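Okay, so here's just one chain, in structure tokens, the form deposited in one PDB entry.
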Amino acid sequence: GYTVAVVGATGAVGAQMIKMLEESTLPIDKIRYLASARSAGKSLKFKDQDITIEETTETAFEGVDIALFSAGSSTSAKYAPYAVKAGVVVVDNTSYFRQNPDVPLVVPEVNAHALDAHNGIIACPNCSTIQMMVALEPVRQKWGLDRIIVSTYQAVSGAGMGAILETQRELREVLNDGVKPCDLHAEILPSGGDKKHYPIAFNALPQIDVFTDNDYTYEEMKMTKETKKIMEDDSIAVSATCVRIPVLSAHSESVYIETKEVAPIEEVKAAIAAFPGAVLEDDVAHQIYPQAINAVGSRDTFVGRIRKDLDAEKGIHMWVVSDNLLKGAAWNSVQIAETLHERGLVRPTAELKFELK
């Protein structure tokens, strides 16, 4: 079997990575948990076994077959190249290596073929991107994609464990203490690294990550750039507005598309239903549509509210929901590892293509 390491085991994604690995078919002989120095020494469960958390260092990756990273882009930048040097296949859940031409950016149902030519690092895409790709690929395959306009309704767990606790605390202060939402104190959201912080309780914050030079945030631009790489088509127009709402788990997305050829709605519904990883939840007569609360805990991506634009001949609207910690992160990563196993791609990489920092 394999030696599997989880880097960032104590985090929000790391917790789900453990859960997904527990429920995985992957033949695991040895499991290892890695985090920062302050977590080292603590005990954490794998099934019923007790595992001691280790500190992530440059020499900690010897003998490891597969490493799942979700400890922020700074940890991946620093330790992933040393892992590859040690002969590990890295599945990275950060944005750091995503736009590197030597790194496959993979959603297994969409571009598993890209895994074959990997150089030791496989990048897991952004959570907001992944669920959109699962929903849209079956459409692209049959009728093509000209443009995408998406407005997101993102859960706070995407920003990590602290964001969840901040959201819960804020909501308690308003409902129990009667504090006006606009008077709340925030420490993390919208972006932990940005200069100013705003309450999320009873609010919709149109900022996820920091702003780029073009007045779109990095989150919005990641949706643009990642879609183009995943679907291997730079001609797909993508513009996004990414908004945080008071949901703890599961992203929701209002997705507008224009196809190359006119796509009959009932055929679109059927194509999405037939696509692996995508589940059609669309029966408006009985008020059936994807819901954040229903998607929590499931690996599947749920699609509904499918309808043609009222004016644009090739325009289609839809509603896409998936657990952001599962398909958006931990499950996509474990599924990548399972696909690597399937294809016999779990082995050391001879040529080191990533500079050691």
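All residue numbers refer to positions in the sequence shown, first residue = 1. In this text, the rigid core denotes the largest set of C-alpha atoms whose superposition between the two forms falls within 1.5 Å.
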item: Mean C-alpha B-factor comparison - 281-289 and 89-97, higher one; value: 89-97
item: Higher-scoring stretch by recorded Cα B factor average, 220-228 or 178-186; value: 178-186
item: Out of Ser298, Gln49, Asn324, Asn332, residue topping the C-alpha B-factor column of the entry; value: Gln49
item: From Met133, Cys124, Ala83, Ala270, residue of greatest CA B-factor; value: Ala83
item: Third of the chain's Cα B-factor distribution that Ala312 belongs to, per the entry; value: middle
item: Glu137 CA temperature factor, ranked by third within the chain; value: lowest
item: Position of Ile336 among the chain's modelled residues by C-alpha B-factor, lowest, middle or highest third; value: lowest
item: Third of chain Cα B-factors occupied by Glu173; value: highest
item: Record-listed C-alpha B factor of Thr241: chain third; value: lowest
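Keep in mind that the form deposited in another entry is missing from the display, and what follows is about it.
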{"query": "Candidates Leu26, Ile306, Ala292, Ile53 - which moves between this form and the one not shown, C-alpha at least 2 Å, core fixed", "finding": "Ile53"}
{"query": "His317: Cα shift of 2 Å or greater between this form and the one not shown (core-aligned)", "finding": "no"}
{"query": "Rigid core superposed: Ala12 CA moves 2 Å or more between this form and the one not shown", "finding": "yes"}
